[PDB]
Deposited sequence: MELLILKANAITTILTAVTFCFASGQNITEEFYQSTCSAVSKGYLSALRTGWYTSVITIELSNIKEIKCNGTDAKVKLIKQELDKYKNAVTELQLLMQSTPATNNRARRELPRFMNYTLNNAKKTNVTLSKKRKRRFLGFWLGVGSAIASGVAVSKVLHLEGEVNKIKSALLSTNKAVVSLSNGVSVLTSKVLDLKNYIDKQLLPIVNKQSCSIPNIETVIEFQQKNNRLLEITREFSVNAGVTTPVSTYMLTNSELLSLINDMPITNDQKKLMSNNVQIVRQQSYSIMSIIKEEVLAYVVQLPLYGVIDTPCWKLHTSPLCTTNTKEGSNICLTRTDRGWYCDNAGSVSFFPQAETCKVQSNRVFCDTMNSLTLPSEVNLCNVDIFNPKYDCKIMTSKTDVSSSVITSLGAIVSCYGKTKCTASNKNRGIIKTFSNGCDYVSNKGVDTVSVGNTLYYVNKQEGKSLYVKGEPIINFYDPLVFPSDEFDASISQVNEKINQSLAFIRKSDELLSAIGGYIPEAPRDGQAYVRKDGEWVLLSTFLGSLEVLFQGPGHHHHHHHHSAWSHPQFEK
């Protein structure tokens, strides 16, 4: 059950009661498609049903030709060199590309083809060492050699029935689409499409993964999230086997507390126009308890939320001491230096929270919260304020209409004096772009000594 608290002193709000699901590692799985080496199509026929099989066979041959141009290139994701700019930089698919390099080595391909001879699903120990679960999803070699073979290799082609022309177009379409996606994605796609892996196959891949029963239940009830956080890496096409690597999210952190810290600018409301100072907490984002520290996601838009569960990637996190949470109840606590910025602003805005809305209303801006049946129900005055989503349908700031989340949950309004009122405007360090409480303090004592 979700709850929420607003801190009038620091113009922020925390939504509590969420559960974690943090991508920590990667499970690399091999997907294979058995092909037939169709060098040529010896058939003169002008028969309409043969003409359509030759057309679908050219697309197949062209798809193979297209895919060979891709396996000859090293696939790669290109990465860099409020607080998101402090984030580390990691190669997102370095594990999958390492496995893709193993599939290029001679004989390694033959190991895969042989393991999937009797079953379409088997575990394989690779030459380098990593144990991967291989799965054959399409046996076009078998189909062509059993249905389309008598029509090729003979100049006098035995004309096929209409249902084979249609069924071949059906089976071949998957290969053409897998090729279509790799052709515009430089051999690396994400999310993984239902052509790379159908919902049927994905679930079957999950239930056979070396993971706990908790994780199997979790990934299956959130397959749409698994796809968005997965990659499909084109690998090899040789010796009648097309292989592409699928990289699936591992959730090493599950069911730990998560909260979302919302922040908005806190300014003075003096009638004198330029005499106002401002202060804004920059530690907003998702927080989840994680191994005695707190995983901090400074760009909450990167996480994905399903009901009350939060799906994030630790690649988008900073690892903070748990004391960072003291900034919500006491931004002046002596145990963690709470981050703020102090660029002046005279613009109004609202932040829609999980169960309410923060309103930073300044200047001459109209700021209200309304109900569809009753119109305006609260009028915000200058400063930073909050309203609960109970009985409220919309919030308007200026010419911007916000809808509030109608999620069920109790909100708590923690009254407090705006901390912006404690500072003398004559010695306030404005335009600190990425500072903190202590940094402002020690800059104030330096400007006071100079005076």
Chain regions without C-alpha coordinates, deposited sequence numbering:
1 to 26, 108 to 136, 507 to 573
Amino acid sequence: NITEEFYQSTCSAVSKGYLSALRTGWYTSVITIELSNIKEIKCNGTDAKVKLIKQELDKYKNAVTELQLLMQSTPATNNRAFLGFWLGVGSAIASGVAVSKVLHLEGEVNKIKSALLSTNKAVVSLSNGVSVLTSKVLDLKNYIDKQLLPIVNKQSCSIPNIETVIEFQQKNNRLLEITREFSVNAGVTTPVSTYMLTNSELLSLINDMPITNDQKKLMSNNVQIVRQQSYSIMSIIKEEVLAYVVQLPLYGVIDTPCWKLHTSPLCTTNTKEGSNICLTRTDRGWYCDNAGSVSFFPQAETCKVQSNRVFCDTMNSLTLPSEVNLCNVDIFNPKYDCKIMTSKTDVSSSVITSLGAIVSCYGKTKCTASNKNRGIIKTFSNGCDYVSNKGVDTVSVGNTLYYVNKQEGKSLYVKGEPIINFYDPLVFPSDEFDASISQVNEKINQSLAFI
From here on, numbers count along this sequence of modelled residues.
Can you tell me whether 308 to 316 has a higher mean C-alpha B factor than 283 to 291 in this record, or the other way round?
308 to 316
Between 442 to 450 and 4 to 12, which has the higher average C-alpha B-factor in the PDB entry?
442 to 450
Entry record, C-alpha B-factors for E323, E301, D346, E240; the maximum is at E240
Per the PDB entry, maximal CA B factor within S350, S73, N328, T368:
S73
Modelled-residue ranking by C-alpha temperature factor, third containing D393:
middle
Cα B factor band for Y143 (lowest, middle or highest third within the chain)
highest
Split the chain's modelled residues into thirds by Cα B-factor; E177 lands in the middle
What third of its chain's C-alpha B-factors does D255 belong to: lowest, middle or highest?
middle
Comparing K339 with the other modelled residues of its chain, is its CA B-factor in the lowest, middle or highest third?
lowest
